[PDB]
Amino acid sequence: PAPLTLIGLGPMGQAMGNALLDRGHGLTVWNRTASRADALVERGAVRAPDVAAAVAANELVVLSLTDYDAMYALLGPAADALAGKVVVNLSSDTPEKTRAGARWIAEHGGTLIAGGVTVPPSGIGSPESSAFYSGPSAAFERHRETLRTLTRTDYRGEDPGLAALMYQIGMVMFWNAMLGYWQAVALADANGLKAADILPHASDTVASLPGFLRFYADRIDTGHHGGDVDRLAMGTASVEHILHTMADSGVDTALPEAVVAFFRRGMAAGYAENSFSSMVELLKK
């Protein structure tokens, strides 16, 4: 297995580092908080003197940070060390910031591959694990086998933003679904029910979503927002009852208020008789 440098050791990056060591990869790490690399070092990782040394150690540098601004902060004072290096950046950020980071890396003679890892850290190294990748194909094919140690690879194309776009598209579904669950757990707690008590209905509800995804996919793509199976007017009534249910039980209402606010906008747009899918048209450019 090929050697590489890894910079960034939060839950995800520690899991990536342990996975890389597990397959046989000579791993050089570097972190501002040196304590966070101690365990990896005892597991065999080479602690790098500084960030310039870490960049210089290997051709392949994997980054796992908060955003692309964190790549400018750490690599900037080592920017000349980047000539000939391949920077696989797995940090979340917008497609536009990823494209700028990609241009900035090419500035210093490096090559950036953008990655969006679509599994929690426990998924690093598992057959289920996946990640979108985009950027220069030859640079990706060269180091793909290293990347397959972390996740299955899903190369989206030459645009460095594609991996970022698809990672964000998945994340906004994740966060919103989990926020609905948080609200349900709060409402249940407020009424003397643990998460364990609503878990069967909650799981049932989320397990029906793929069929709903598929139904509304064909309709939205054909422009079919007709009201034959649901009516925005009823959807609005329903999100209002959730808002007032939550208010009655003492649960914070900022999130349901925004939801009600959005449906009433579709009502204002004339969509009462249409499907609540009609609100994608409100969200569109």
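In this text, residue numbers run from 1 along the sequence as written.
Averaged over Cα atoms, the B-factor as recorded in the entry is higher for 137 to 145 than for the other of 137 to 145 and 203 to 211. The PDB entry records a higher mean C-alpha B factor for 70 to 78 than for its counterpart among 90 to 98 and 70 to 78. Of the candidates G161, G115, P120, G170, the one whose C-alpha carries the top B factor in the deposited record is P120. Set against one another, the Cα B-factors of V46, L63, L243, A217 in the record reach their highest point at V46. Sorting the modelled residues of the chain by their CA temperature factor places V239 in the lowest third. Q183: CA B factor lies in the lowest third for its chain, per the PDB record. The deposited CA B-factor of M267 belongs to the middle third of values across its chain.
Sort the chain's modelled residues by C-alpha temperature factor and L6 lands in the middle third, per the entry. The entry lists a Cα temperature factor for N176 that places it in the lowest third of the chain's modelled residues.
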